[PDB]
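Notes for the structure review
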There are 6 protein chains.
Amino acid sequence: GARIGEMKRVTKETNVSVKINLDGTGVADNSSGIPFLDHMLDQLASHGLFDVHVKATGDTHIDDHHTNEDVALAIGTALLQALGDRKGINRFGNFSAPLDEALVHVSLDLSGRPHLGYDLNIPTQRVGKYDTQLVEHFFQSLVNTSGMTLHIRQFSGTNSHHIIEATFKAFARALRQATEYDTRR
Amino acid sequence: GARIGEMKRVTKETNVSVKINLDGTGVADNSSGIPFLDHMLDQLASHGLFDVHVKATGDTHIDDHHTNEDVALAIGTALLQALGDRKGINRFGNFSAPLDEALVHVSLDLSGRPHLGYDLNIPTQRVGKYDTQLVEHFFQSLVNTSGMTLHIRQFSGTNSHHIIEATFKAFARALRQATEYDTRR
Amino acid sequence: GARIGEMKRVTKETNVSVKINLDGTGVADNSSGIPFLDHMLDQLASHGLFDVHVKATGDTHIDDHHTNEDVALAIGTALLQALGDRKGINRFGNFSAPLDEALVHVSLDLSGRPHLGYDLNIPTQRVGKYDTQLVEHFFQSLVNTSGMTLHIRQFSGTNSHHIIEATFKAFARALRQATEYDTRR
Amino acid sequence: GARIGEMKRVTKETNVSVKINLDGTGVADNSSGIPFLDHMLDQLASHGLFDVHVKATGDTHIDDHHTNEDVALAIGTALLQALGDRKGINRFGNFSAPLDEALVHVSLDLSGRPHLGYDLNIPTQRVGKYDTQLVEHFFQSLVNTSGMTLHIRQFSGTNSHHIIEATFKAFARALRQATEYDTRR
Amino acid sequence: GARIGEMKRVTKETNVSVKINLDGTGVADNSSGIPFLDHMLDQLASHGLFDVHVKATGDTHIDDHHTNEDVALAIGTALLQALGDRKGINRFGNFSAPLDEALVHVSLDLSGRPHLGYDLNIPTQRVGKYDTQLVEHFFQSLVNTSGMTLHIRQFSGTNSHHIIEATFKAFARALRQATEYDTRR
Amino acid sequence: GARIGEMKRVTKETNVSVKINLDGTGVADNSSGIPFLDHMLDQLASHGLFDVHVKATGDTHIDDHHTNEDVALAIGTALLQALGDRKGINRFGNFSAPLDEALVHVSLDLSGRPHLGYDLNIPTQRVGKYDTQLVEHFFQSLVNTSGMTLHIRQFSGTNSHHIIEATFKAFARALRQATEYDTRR
Ligand SMILES: [Mn+2]
Ligand SMILES: [Mn+2]
Ligand SMILES: [Mn+2]
Ligand SMILES: [Mn+2]
Ligand SMILES: [Mn+2]
Ligand SMILES: [Mn+2]
Ligand SMILES: [Mn+2]
Ligand SMILES: [Mn+2]
Ligand SMILES: [Mn+2]
Ligand SMILES: [Mn+2]
Ligand SMILES: [Mn+2]
Ligand SMILES: [Mn+2]
Ligand SMILES: [Mn+2]
Ligand SMILES: [Mn+2]
Ligand code: NA
Ligand code: NA
Ligand code: NA
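Residues numbered from 1 in each chain as written, not as in the entry; some residues may be left out. Chains lettered and ligands numbered in written order. Part of a larger assembly, values for the part shown. Heavy atoms only, no water.

1. Description of the overall build of chain A
Across its full length, chain A holds four helices and ten strands. In chain A, the order of α-helices and β-strands from amino to carboxyl end is β-β-β-α-β-α-β-β-β-β-β-α-β-α. A compact globule built from 185 residues would reach a C-alpha radius of gyration of about 16 Å, and chain A, at 15 Å, matches this within 12%. Over its C-alpha atoms, taken along the principal directions, chain A stretches across nearly 45 × 40 × 30 Å. When each of the 185 residues of chain A is scored for burial, the buried share is 61%. Within chain A, counting contacts between residues at least 6 apart in sequence, those at least 24 apart form 74% of the total. Computed over 18 positive and 22 negative side-chain charges, the separation of the two mean positions in chain A equals 7 Å. (Helix = DSSP H or I, 4+ residues; strand = E, 2+ residues; numbered from the N terminus. Rg over C-alpha atoms; globule rule 2.2 N^0.38 Å. Buried < 20%, exposed > 50% of the residue type's maximum accessible area, 1.4 Å probe, protein only. Contact = heavy atoms within 4.5 Å. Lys, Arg positive; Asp, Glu negative; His and termini not counted. Charge placed at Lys NZ, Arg CZ, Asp CG, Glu CD.)

In structure tokens form, the structure reads like this:
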């Protein structure tokens, strides 16, 4: 059976629905209210081969912060539920993903203990309309509800879009590795 | 057949017995006379899926140095014997293992040529009763008798226990990769 | 209607049992297997007016790390259970506690989002047999399971025992304020 | 069917013939007119398990530059042709290869967009008769005709031969990974 | 006609008995109450070919300082008595002893004038339970009662046990050379 | 009962045959395919009074590296065989050899534990056709197969030929002292 986690949460500020299939085929279905975040969540599907369904509405007239945060929290919760007892999985994941001049390494452990190590140098404040401070907050919130150990280290990159997209590719491939089953155990 | 190496050696200072199964199931059986080293040798089993049997007695009333050294030498010798002609194996191993804020990369080659590259920053002198200088000596001695190329690089970490434990996890997973058989060749 | 939380957790490394009364009278009953942590948990009772009961055994022959962590994890969970729906409480707590030359400020929010801001300068590595790296790990683990926002800032201090004890007094008094009921709410 | 690419090109300066089998068994057949480059192309076969056939003649009486360049261009073209529509492959490759004191990480993406990130510190100007400036030009030209994203980062090394050879091992193993088929998709 | 010196001194703090044979065969019988010093005194015997017998009890419940000092004072006196009129001996001794990464040079003159030039950089405070400040005090006390000119210079070394042990190997070999007879004289 | 070691090793890269007599008369018979290494191996014979016989062919059309390494590896193994059980030997050797403006100290121990401490500053890249990076590789490979502790320290020198030759003279004289018998043992 496919490991599926879902979370729905409605607050005064946001309305969030997420479903994730750890054993998916790369189905991307992301409409967070934040177009650049949808593009990044798409990478999680096509590079991690997860099925990622995110539908969010929120107070984006204020800014994208609350939506960005609640989507990440909900994804963390869904990821945690889909993992179940976590028996038999690789648990650790590693990947360095280039995107042209950008190169980001992600190392993670599905440990049950939240920690974010974040070392990105994003040189512009907006990619499209997306506030680039929200990248760090996305991953911080995600590790907080999933209980993940997550390290993101930038080795190269000047274009903010490239840097952020490379981060999500490496994250997706590291998370795919960590969630996959260890054939020897 | 399982690739098993054993070494027994008795000196004036130490009495060392080691057995390693490269094709194990993660059986940990470590009583080196150094409780913190036993914990680290346990990681070698649970994360490398080796079967690791270490029984040592020694002149720990002086300090843990001679025991620490002779255990490492013996493990290196057992690892070398279990490897045999080394035909068909991956030979190289790579892994970055986080432990909370700690992150250590290990890259190794079962080359037949000993070399230790060691770049850890352990900020305290004792973890429990374990002298933290012995970590470097453990790996130096191990590479010396096994003929291993070994690189240990710390990217992150403040807690000495975390740093050392992350080193052993990454080592175990890199060594597992290097000792496993390459299915294409 | 006293707010009581309890947590038992047994692992291969530790056996931990904790009970905390947010509306206590300062009853301390702490036997963690780490005498200096017991002294600090006693401070939590007498300065926060909590009833704190901690009974733990663990692999202290390796070092104090696993016990220290699992005790803090359990206290964090017990604290979360005792808080219930969190209706009517002050939620925020603030206190600056001097201890002779030491002065530590604690600012915290029972927010549901874990974060530790930690800025202590403990100039020695051992207080008694207690590894001073474990202080930061204690609060980090506690915030992780309680979902607390916690900021610890040293304004003064040279004696390690003083710095750490001032931290626990300030934490105890800040948490007391936060868990107390807002009379206007 | 095996993914085979071939390129032949004759200019006033050079006569180049290359054939590559992405699904090979490690057959090395390299006679570029540059003995040290042949040794490096051999690594591509034995460590990448490609079948690599290179036969070049050229104006080496001037220097090795034109031959070095045209061999790399031709390899890039052959690699591109063998890849075809690139459906189903891993596409990304990662490897850190030690050679004694040397350690080089290679991260690559078969993206269709050429880019070389090159960070090697080769401390001598000649390895044998091979001008060490040609290493960078080899990879630059190769990425140019294959459309590859390629990052080469030196973490360690003092012997120029070791550094260069470690680069080619890591490249071969990263390229093997990138060209291999993803079993899940 | 073997040169044997012997000192016995009982104080409120320690009870010390030492016997040294300059023309010995390496018989070690050292029980100073300080295990690490015993290990070092054993090196004095096997590397200098002295017969070294040290028996001591002392207020080690305070620390090892008084025992360490009084043992060193007693050996120096015994060494002085064994040397007699010092006629015919080499008088000067020189040796550089490696111990793995450590390298210590000892140059000495059995001059009748005490002087210690001491240039060791011991990076940890305890080897086992042995306070590494006691190394300098040992040699300072020994030169004071023997009337020796002694220079100890560290050229290399990171492991504290190695540095100290290389120091005693080089001292023993330099002292052996200095106490041996000059055949032309 | 002369102590003689021999080693033949044939690889696809090199064909190496070495014979060494620890109790020789300085007979040199060196044809390694590297004329400058031959000159240095002649120094080993005349200054150490070893009989040194080296016959090698190899892929010197690539560069001198593989030949240089395999010759040193073989000499190290032959040296180890000739040493036998190592009973009665001095084991340690020390020598400072001037050559005009050059001055190099060699300190070594036939310990069974490989370590190279290497501190030479060779200011040119080629002595004749000999790549000066290969000097360090020669001694590193030799210590690895002989199990020698070896420290090489340049105190003076500007001419590369002088620096390297002084190194071989000091090494030859130090190894002679170490392999000679301790008359008192
Ligand atoms: Mn807000
Ligand atoms: Mn926020
Ligand atoms: Mn994009
Ligand atoms: Mn040692
Ligand atoms: Mn642990
Ligand atoms: Mn921990
Ligand atoms: Mn107190
Ligand atoms: Mn040109
Ligand atoms: Mn060009
Ligand atoms: Mn090579
Ligand atoms: Mn004193
Ligand atoms: Mn020792
Ligand atoms: Mn080499
Ligand atoms: Mn010459
Ligand atoms: Na979308
Ligand atoms: Na155990
Ligand atoms: Na060839």
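2. Observations concerning the interface of chain A and chain B
Facing 18 residues of chain A, the contacting portion of chain B comprises 21 residues. Buried area between chain A and chain B, summed over both chains or domains, comes out near 1600 Å², and the portion from carbon and sulfur atoms is 49%. Counting the contacts that link chain A with chain B gives three salt bridges. The shortest N-O distance in the salt bridge between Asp100 of chain B and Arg113 of chain A comes to 2.9 Å. (Buried area = accessible area lost by both parts, 1.4 Å probe. Salt bridge = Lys/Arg side-chain N within 4 Å of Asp/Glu carboxyl O.)

3. Re the coordination of the manganese ion (ligand 7)
Residues and elements named next belong to chain C. For the manganese ion (ligand 7), the full set of protein donor atoms is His39 (NE2), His161 (NE2) and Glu165 (OE), at a range of 2.2 to 2.4 Å. Mapped onto the sequence, the donors of the manganese ion (ligand 7) take the spacing H-x121-H-x3-E. You can see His39 sitting in helix 1 (residues 35-48) and its partner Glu165 sitting in helix 4 (residues 160-179), a full 126 residues away along the chain. When its relative accessible area of 28% is taken as the criterion, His39 is described as partly exposed. On the basis of relative accessibility, which here comes to 10%, the residue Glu165 falls in the buried class. (Donors = N, O, S within 2.8 Å, 3.2 Å for Na, K, Ca; no water.)

4. Observations regarding the coordination of the manganese ion (ligand 13)
Protein coordination at the manganese ion (ligand 13): the donors are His162 of chain D (NE2), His65 of chain F (NE2), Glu69 of chain F (OE) and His137 of chain F (NE2), at 2.2 to 2.3 Å from the metal. Taken together, the residues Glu69 of chain F in helix 2 (residues 65-83) and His137 of chain F in helix 3 (residues 133-146) connect sequence positions 68 residues apart. Owing to a relative accessible area of 9%, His137 of chain F belongs among the buried residues under this scheme.

5. A closer look at the relation of the copies chain D and chain A
Screw-axis analysis of chain D against chain A gives a translation of 0.0 Å along the axis, an RMSD of 0.0 Å, and a rotation angle of 120°. Here the symmetry operator amounts to a three-fold rotation axis. The share of interface residues of chain D whose copies in chain A are also at the interface is only 6%, consistent with the copies meeting through different surfaces. (Least-squares fit on C-alpha atoms.)

6. Remarks on the interface of chain D and chain A
Taken together, the contact pairs 18 residues of chain D with 21 residues of chain A. Summed over both sides, the interface of chain D with chain A buries roughly 1600 Å², with 49% coming from carbon and sulfur. A per-residue breakdown of the area chain D buries against chain A is headed by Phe92, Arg184 and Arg185 of chain D, which together make up 40% of the total. Taken together, the links from chain D to chain A amount to three salt bridges. Two residues, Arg176 of chain A and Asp182 of chain D, come together in a salt bridge whose shortest N-O distance is 2.7 Å. Run the count over chain D and chain A and you get ten residue pairs in polar contact. Of all elements in the fold, only strand 5 (92-99), strand 6 (102-109) and strand 10 (149-156) of chain D reach the threshold of two or more residues within the side of chain D that touches chain A. Here the residues of the side of chain D that touches chain A sort into three nonpolar, eight polar and seven charged. (Polar contact = N/O pair within 3.5 Å; in protein donor to acceptor, adjacent residues only side chain to side chain. Nonpolar A, V, L, I, M, F, W, Y, C, P; charged D, E, K, R; others polar.)

7. With respect to unusual backbone geometry
Backbone phi values are negative for most residues with the exception of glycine, while trans is the configuration of most peptide bonds. Backbone geometry at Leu49 of chain B places phi at a positive 60°, although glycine is not the residue there. Among the structural elements, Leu49 of chain B can be located in the loop between helix 1 (35-48) and strand 4 (51-58).

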